[PDB]
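Residue numbers (my numbering), protein chains in the order written: chain A, 245 to 464; chain B, -17 to 179; chain C, 13 to 229.
Quick reminder that beta carbons are idealized off the backbone N, C-alpha and C, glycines included.
As structure tokens, the structure follows; a few thoughts come after it.
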Amino acid sequence: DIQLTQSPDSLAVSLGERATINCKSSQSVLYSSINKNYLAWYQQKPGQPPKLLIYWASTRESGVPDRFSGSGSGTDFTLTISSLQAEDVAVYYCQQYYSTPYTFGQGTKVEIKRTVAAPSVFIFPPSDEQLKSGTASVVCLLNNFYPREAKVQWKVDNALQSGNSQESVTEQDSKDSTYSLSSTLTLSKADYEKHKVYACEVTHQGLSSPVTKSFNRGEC
Amino acid sequence: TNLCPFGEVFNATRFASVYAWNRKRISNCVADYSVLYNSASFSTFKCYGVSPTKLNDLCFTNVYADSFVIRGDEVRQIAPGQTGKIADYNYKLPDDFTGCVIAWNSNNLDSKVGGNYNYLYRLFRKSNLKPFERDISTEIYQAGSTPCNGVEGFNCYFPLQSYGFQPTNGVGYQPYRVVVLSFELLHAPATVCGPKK
Amino acid sequence: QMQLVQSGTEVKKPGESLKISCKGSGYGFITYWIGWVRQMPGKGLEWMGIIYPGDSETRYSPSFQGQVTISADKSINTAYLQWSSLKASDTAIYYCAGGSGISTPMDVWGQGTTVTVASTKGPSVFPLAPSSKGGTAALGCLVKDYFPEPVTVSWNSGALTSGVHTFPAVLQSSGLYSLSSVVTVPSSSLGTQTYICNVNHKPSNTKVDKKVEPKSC
């Protein structure tokens, strides 16, 4: 029973440069009859079925660019994307097909590395419709930035909020290699009408100091 | 011009008993394996270690075609890791087998009204076959303490039985023809290539 | 050559049984083994088992031994995979995948079938209305309190894709999904151009078109 560890788990590399992913198997996968290692590489993108890119360690499936290549023997294998491109961002798995049960690695995510960029920040107050139903959702948007790391702090009348908000981040944009982020503050209609200043404070690398955005309840 | 002669293996008029299984060596030709898999006239096409749809741009040092006769219930016995009369005493595959097992019914071909009795199998041997071994010996099998002297008798068996292929037989007691394509790659030239390279 | 067509998407209730199919279209199907892979939301690939339809030889992965049944019907080049009792934890996409040969690469896949086990709810849609406060300004729509995934969103009936971000859904602690779609647009557009977000939720049979505009004050 054969187990595979990939690494790294995440990998950022600049447009045009070379990504290498490693795969370790806990046992050999060499057939002697034909001198060939029984290991494949797949790529997967959202909403799509795995694509096969390389089999027998180091052979290229149809429809795969020449910049993909595989090597290795015994227990150490490598996928190499040279001249990384935009559409090459994706998750990559190594599978062994030496015997059943067949097994995959845990997956390596591959992103592009670009120059820092500060987010455009917006904030939205709850609709009036949502407030009829007794909840209040305060959204903060951070648009088109990188890198992904970014402290976002909710404040309500200048009180720091905690464990009443969730974040969500987009796929890296294909064209410009940016992310965007939503944070969302939830509280009761009662609790939202008790305070005045709703503020979202963004810290980031591309901002030399924290940007805040705010509104006062029921103004415009 | 020099296509590989899979015809004269798969469409041979007479086959061979499983104990005396036949091997054809394939060499200095180009193999069109699509002829195989685009046929609508097999019941089983089980490939281990290789994808027959992906070896017409590949080359091997040698290809072997093994041909013989068995019975329905026995086809699932030509296959790595198997045991039974045929896997143990007749024809053995290795556990790291690389190649295909192709099989079809041959009742129209290998049955008579009187009962086909020219296809034989081995019924005992003093030990299991090694992979790709072939025993054709007809020495009496000694099943008890007392030694036979090439004589059939008590606890002393002749070691081949016939199959009883009658056209009215049950679905899996009829005969199937079998071909076993096996592939090697050495540190020596290749001579067996797909039409693509 | 071979294509694998898979059965459509399934919303079941916990307890119920389920059979999904994957039908091989192409010559040579005699040589094909078919495998089943599970992908749970957000997670990697798990191989579940494989079957050779010619004689219905079946291997499983120790994680799926007992828990599912991979059958096949060789007269219609179809493979099946089936539970007798679905749990919540069976929510996932299921890909069938084929190669001529065993111990060969899986080199053809179906586009997956998604299984939901769990009950349905439709989304509330609220406007995120832009600020007044020269440059460009942002709006969009909160899509809140639905199950399960997915919703699709587009803008102006699909006539504004530029500059849009629809965000991955997150599970609220009420067990329901919420999610935001936003677009940025020039700031002089908000007097003139109309902004509608269309929200589909197939599983609940809901379609919402929502009007978005500045809050008059």
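Checklist entry - Applying a beta-carbon distance threshold of less than 7 Å, which residues of chain A neighbour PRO139(C)? => result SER371
Next on the checklist: I need the DSSP call for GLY126(B), collapsed to helix, strand or coil.
Outcome noted: coil
Next on the checklist: Restricting to Cα atoms, I'd like to know which of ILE52(B), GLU166(B) and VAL153(B) is closest to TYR71(B).
Outcome noted: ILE52(B)
Next on the checklist: So with CB distances below 9 Å, who are the chain A contacts of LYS156(C)?
Outcome noted: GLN374, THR379 and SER381
Checklist entry - Buried or exposed: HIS448(A), going by 16 or more other Cβ atoms within 10 Å of its Cβ? => result buried
Item to check | Endpoints, beta strand (DSSP E) assigned at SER315(A) | outcome: 312 to 317
Checklist entry - What are the residues of the region 300 to 316 of chain A that lie near chain B, defined by any Cβ-Cβ distance shorter than 7 Å? => result none
Checklist entry - If you draw a straight line from the C-alpha of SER101(C) to the C-alpha of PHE159(C), how long is it? => result 15 Å
Next on the checklist: Our contact map puts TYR189(C) next to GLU161(C) with C-beta atoms below 8 Å; I'd like the distance itself, whole angstroms only.
Outcome noted: 6 Å
Checklist entry - Relative to chain B, which residues along the region 269 to 286 of chain A have a C-beta separation below 9 Å, given in chain order? => result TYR275, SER276, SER277, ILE278, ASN279, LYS280 and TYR282
Next on the checklist: Suppose you measure from the CA of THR456(A) to the CA of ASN402(A); what does that come to, to the nearest Å?
Outcome noted: 11 Å
Checklist entry - Short check: CB of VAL165(C) to CB of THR178(C), under 8 Å? => result yes
Checklist entry - Buried or exposed: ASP435(A), going by 16 or more other Cβ atoms within 10 Å of its Cβ? => result exposed
Next on the checklist: For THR319(A) and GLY351(A), what's the separation of their Cα atoms in angstroms?
Outcome noted: 17 Å
Next on the checklist: By the 7 Å beta-carbon criterion, what residues does the region 39 to 58 of chain C contribute toward chain B?
Outcome noted: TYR39, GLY40, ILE42 and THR43
Item to check | Of the residues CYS138(B), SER21(B) and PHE114(B), the one placed nearest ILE122(B), counting alpha carbons only | outcome: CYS138(B)
Next on the checklist: Going by beta-carbon coordinates alone, are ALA13(B) and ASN4(B) separated by less than 8 Å?
Outcome noted: no
Item to check | C-beta contact flag for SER23(B) and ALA85(B) at 8 Å | outcome: no
Checklist entry - Helix, strand or coil for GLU56(B) per DSSP? => result helix
Checklist entry - Looking at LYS227(C) and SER131(C), is the spacing between their C-beta atoms short of 8 Å? => result no
Checklist entry - Measuring CA to CA, which of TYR442(A), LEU385(A) and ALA334(A) is closest to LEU296(A)? => result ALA334(A)
Next on the checklist: Please tell me whether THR26(B) has its Cβ less than 8 Å away from any Cβ of chain D.
Outcome noted: The chain inventory of the structure shown lacks chain D, comprising the protein chains A, B and C.
Checklist entry - So, is the C-beta of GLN79(C) closer than 8 Å to a C-beta in chain A? => result no
Next on the checklist: For a test of the three-state rule: what should DSSP assign to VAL195(C), helix, strand or coil?
Outcome noted: strand
Next on the checklist: Can you tell me whether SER131(C) is helix, strand or coil according to DSSP?
Outcome noted: coil
Next on the checklist: Measuring straight from C-alpha to C-alpha, what distance separates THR150(B) and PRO157(B)?
Outcome noted: 12 Å
Item to check | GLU115(B): contacting residues in chain A (beta-carbon distance under 7 Å) | outcome: None at all; the shortest Cβ gap to chain A is about 17 Å.
Next on the checklist: Suppose you measure from the CA of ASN388(A) to the CA of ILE208(C); what does that come to, to the nearest Å?
Outcome noted: 22 Å
Next on the checklist: My parser needs the beta strand (DSSP E) runs of 3 or more residues fully inside the region 61 to 124 of chain C; what are they?
Outcome noted: 69 to 72, 90 to 95 and 104 to 112
Checklist entry - My guess is that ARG50(C) and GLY61(C) are in contact by the Cβ rule of under 8 Å, so how many angstroms apart are they, rounded? => result Not really, about 10 Å apart at Cβ, beyond 8 Å.
Item to check | Which of helix, strand or coil DSSP assigns to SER(-1)(B) | outcome: strand
Next on the checklist: To test your reading of the DSSP string, which unbroken beta strand (DSSP E) runs of 3 or more residues are found completely within the region 130 to 160 of chain C?
Outcome noted: 136 to 140 and 148 to 158
Next on the checklist: What are the residues in the region 63 to 86 of chain B lying within 9 Å of chain A by C-beta distance?
Outcome noted: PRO76, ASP78, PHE79, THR80 and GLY81
Item to check | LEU93(C) and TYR106(C) closer than 8 Å at C-beta | outcome: yes
Checklist entry - Cβ atoms of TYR346(A) and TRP285(A): under 8 Å apart, would you say? => result no
Next on the checklist: Less than 8 Å between the C-beta atoms of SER412(A) and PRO180(C), yes or no?
Outcome noted: yes
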